[PDB]
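Residue numbers (PDB author numbering): 20 to 124. Step one of this worksheet: look at the structure below.
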């Protein structure tokens, strides 16, 4: 039953489960899917938007290093930022232009 509920490709969004409340995850999941955002899951570099909950700058940066460590050396790293990007993106119903603000990496 629509296992890959991504709806609109192109905008791959990878969520950091180890640092993301399941309550908020399922909340942004069902929504982003109905809004027009691709929910990138599993260890895939195809992601272009790394959003995480309760994460500081170096906190997400360290995670980025962990992600690249799992990916083949040469793969372009996705957009490391905060979950605040997705929330607002859901409000407007479209992938809003990420600013340096949300990209506090």
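C-beta atoms are modelled at their ideal positions from N, C-alpha and C, and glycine is treated no differently.
For residue i and residue j, what's the separation of their Cα atoms in angstroms?
i           : j           : result
residue 48  : residue 112 : 13 Å
residue 123 : residue 68  : 13 Å
residue 53  : residue 110 : 12 Å
residue 32  : residue 102 : 10 Å
residue 40  : residue 77  : 20 Å
residue 24  : residue 97  : 20 Å
residue 62  : residue 20  : 22 Å
residue 34  : residue 60  : 7 Å
Beta carbon of residue i, beta carbon of residue j: below 8 Å?
i           : j          : result
residue 71  : residue 38 : yes
residue 36  : residue 44 : yes
residue 26  : residue 56 : yes
residue 108 : residue 90 : no
residue 188 : residue 30 : Past the edges of the chain, shown from 20 to 124, lies residue 188, and the structure says nothing about it.
Span of the alpha helix (DSSP H) holding residue i?
i           : result
residue 118 : From DSSP, residue 118 is part of no alpha helix (DSSP H); its letter is neither H nor E.
residue 21  : Here residue 21 belongs to no alpha helix (DSSP H), and DSSP marks it neither H nor E.
residue 107 : 103-111
Have a look at the DSSP bridge pairing and note the partners of residue i.
i          : result
residue 31 : 57
4 or more residues per run - each alpha helix (DSSP H) lying fully within the region 33-101: 41-54 and 76-89
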